[PDB]
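Read the single chain below, which is given as structure tokens and is the form solved without N-omega-hydroxy-L-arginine (HAR).
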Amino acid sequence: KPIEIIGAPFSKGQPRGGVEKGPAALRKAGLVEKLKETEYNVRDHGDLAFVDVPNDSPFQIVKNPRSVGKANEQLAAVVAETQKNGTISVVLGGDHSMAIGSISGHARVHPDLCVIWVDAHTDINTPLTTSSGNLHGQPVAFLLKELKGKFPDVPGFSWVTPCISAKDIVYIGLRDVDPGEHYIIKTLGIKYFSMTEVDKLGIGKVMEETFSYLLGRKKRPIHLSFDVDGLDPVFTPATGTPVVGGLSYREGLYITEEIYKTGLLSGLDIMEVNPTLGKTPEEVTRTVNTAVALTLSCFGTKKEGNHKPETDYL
């Protein structure tokens, strides 16, 4: 099967600045040429060009509503499209808000897909519950069925069609959940493994459950939405939402690693990688590199080593 890399230099989900420089920093780090070396075929679709909706008045709290809406509309399209041609979609963020289009597009071509969301946050706050109007913290809401109608209609997000239900998604990493967000997830009984779960079970066990829970019955495609801030800041320091006590490098890789072995990786999102947010070059480097790492992991690089089939190295 083939891979399709899609840039998503967007940053209006987050109030900060620099995440759009994400895909570029990733590419820069050799992400493609590297992916190239795996047993997958690679094509760099480039970075979507985003048209900034002039005069994007805040729809209440929600800021840059239309700017984001249109942004995601394009992406969901490009994604859906390449998904249609059976290529696995890899989106390079850009902030997590772009998630909406990535999943939406995907859903179209693969509606039975499930979602593995790795992040310190749920990003499931609704236009109402957000304490900011930052959409990079409301992705799961627009995509969620159960949350349909449960909030007004934001300008530009008219095209979104809740494409998944709480029994289709699993969180991993959570450690900073807003009262609303918590309520919402505890109410809709959404399966997750906050750091406490992980601490109690061990990444290993966590994956097992995560997998049998989302794939026990039907073996549907898997959409991995990996928020860089999900790993402790000690590995993914360059982000806008750093939270202490998060997934270790090793844990993070184990996840991407196990998900590779499932052979069901259909869609991937590498988000919140914000180059400008680095106390030192190192940090920014460190981040990106693990970012790249995770990515290759998802695609077969194994901590246990790799060799080319049908080839006697002796």
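Residues carry their position along the shown sequence, with the first being 1.
There is also a form solved in complex with N-omega-hydroxy-L-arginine (HAR); it is not shown, and the following applies to it.
Taking the pose of N-omega-hydroxy-L-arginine (HAR) in the deposited bound form and superimposing the nearby C-alphas onto this chain, the site is open, with no ligand atom within 2.4 Å of backbone or C-beta atoms. Not one of 4, 81 and 89 is positioned with any heavy atom within 4.5 Å of N-omega-hydroxy-L-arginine (HAR) in the deposited bound form. Only one segment in the set 73 to 81, 105 to 113, 211 to 219, 133 to 141 has residues whose heavy atoms sit within 4.5 Å of N-omega-hydroxy-L-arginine (HAR) in the deposited bound form; it is 133 to 141. N-omega-hydroxy-L-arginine (HAR) is not drawn, but in the deposited bound form it has no heavy atom within 4.5 Å of residue 236. The shortest heavy atom separation between residue 223 and N-omega-hydroxy-L-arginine (HAR) in the deposited bound form exceeds 4.5 Å.
In the deposited bound form, no heavy atom of residue 232 sits within 4.5 Å of N-omega-hydroxy-L-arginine (HAR). N-omega-hydroxy-L-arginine (HAR) in the deposited bound form is not approached by residue 146, whose heavy atoms all lie more than 4.5 angstroms from it. Interface residues of 68 to 107, taken as those with a heavy atom within 4.5 Å of N-omega-hydroxy-L-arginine (HAR) in the deposited bound form (partner not displayed), are limited to 96.
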